[PDB]
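Coming up is one lone chain in C-alpha cells, specifically the form deposited in one PDB entry.
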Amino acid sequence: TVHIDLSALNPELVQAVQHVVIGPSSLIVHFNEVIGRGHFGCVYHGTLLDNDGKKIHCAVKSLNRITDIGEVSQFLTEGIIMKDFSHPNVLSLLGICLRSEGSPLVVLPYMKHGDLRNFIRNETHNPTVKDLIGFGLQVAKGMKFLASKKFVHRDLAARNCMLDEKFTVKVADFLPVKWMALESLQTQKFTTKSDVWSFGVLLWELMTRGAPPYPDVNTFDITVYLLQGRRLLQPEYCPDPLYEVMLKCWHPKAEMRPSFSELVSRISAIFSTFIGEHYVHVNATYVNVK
C-alpha cells in the first residue's frame, strides 16, 4: 500500500511488468544482509521458493522511496529491459514481486564472486592467461548477444560484469571517459562499435588484473591524449595476438572495428591455444593505483 498513484504509469508501456511478476508468496528477503548499495538502491541477500520446493539464492534490488512516480518507472522500465536478456553471459531478471508499500524490488540471480574487476584484482586468486582470456571470451559472447538485440550497453567495463559460482561471466550494468571511444568523447554518440572500444579496454583490465586505465591522464582530457596518437600499452602477460585484437577494438574508424561475432571468433581461437600454465601476476607499477 503505497501512497502514490502508480497505475498512472505507462499502461501500454510497462504492462509487461505483470507477465513477469512473481507473487510475494514465494520470495524471502533478508534486509539484515546487505550485499552492497551501489548508489541508487540497496541490494540484499534473497531466497526464491521455485514452484513448490526448489529454493534458490538471489540478489534483491530495491530503491530509495518517494521521489515520485517518474523514478518508479525508471527502476521498472529497466528491470523489464533485462526481461528479454536470455543468454548465459547476460545478467538476467528472475522476476519482480510487488508489495507496493514504498519500494518495488527486482530479483536477480546471486553472483557469488561479485564483479570481474574485484575478482581479478584479488591477490588470493591465481588466474592464468587462459582464465583471463576466458572471462573476456564470455564477455564478447554476451555482447554478441546484446548487439543482436540492438542493445547498446554504453558502459561496458570489468566492474559491470558479474561472476557466478561456475565462473560464468554475466555482462551487466550497476561518464566513464577512459572506456569511451574517441567519437563518443567528441560527439557523445554511443553505438555498438563504441562498445567494442570499451570491450578493448575491458580486455586490458583483464590482462592487467584490474589496473585502472591511463593512471596518469587528466580524466577527462583523454581526448587530447588519444589524439596525440596513444593507446593503452600491452600488459606484461597479454599475448601479442590479444593485444592485436585490443588494437582493433580501438580503431579510429568505428566502422573498421571488429563486430562482437568476430571478437568471439578471434578470441575463442586465441583462448584455445592456452592450457592454463601461464600465471598472470600483478604489475608493481599499477598496484595501489586508483
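Only residues modelled in both forms are compared. All residue numbers refer to positions in the sequence shown, first residue = 1. Under this definition, the rigid core comprises the largest set of C-alpha atoms superposing within 1.5 Å between the forms.
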{"query": "Chain break class for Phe151 to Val152, judged by how many deposited residues have no coordinates", "finding": "none"}
{"query": "Greater mean Cα temperature factor according to the PDB record, 21-29 or 264-272", "finding": "21-29"}
{"query": "Higher-scoring stretch by recorded Cα B factor average, 1-9 or 281-289", "finding": "1-9"}
{"query": "Most elevated Cα B-factor in the entry, residues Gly36, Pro235, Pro258, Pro252", "finding": "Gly36"}
{"query": "Given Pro109, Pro176, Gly102, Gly142, the residue at which the Cα B factor reaches its maximum", "finding": "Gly102"}
{"query": "Third assignment of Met246 from its chain's C-alpha B-factors", "finding": "lowest"}
{"query": "Among modelled residues of the same chain, the CA temperature factor third for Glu78", "finding": "highest"}
{"query": "CA B-factor ranking of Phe167, expressed as a third of its chain", "finding": "middle"}
{"query": "B-factor third for the C-alpha atom of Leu182 within its chain", "finding": "middle"}
{"query": "Record-listed C-alpha B factor of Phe220: chain third", "finding": "highest"}
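Only in words, not in the display: the form deposited in another entry, which the text now covers.
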{"item": "Core-superposed C-alpha of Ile270 shifting 2 Å or more between the shown form and the other one", "value": "no"}
{"item": "Yes/no, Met82 Cα shift of 2 Å or more between the shown form and the other one with rigid core fixed", "value": "yes"}
{"item": "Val17 C-alpha shift between the shown form and the other one of 2 Å or more, rigid core reference", "value": "yes"}
{"item": "Change in CA distance between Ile66 and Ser92 in the other entry, which is 3 Å or more, as closer or farther", "value": "closer"}
{"item": "Distance trend in the other entry - C-alpha atoms of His39 and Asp164, change of 3 Å or more", "value": "farther"}
{"item": "Consecutive stretches, 3 or more residues long, displaced between the shown form and the other one (C-alpha shift of at least 2 Å once the core is aligned)", "value": "1-3, 5-19, 37-39, 64-82, 97-103"}
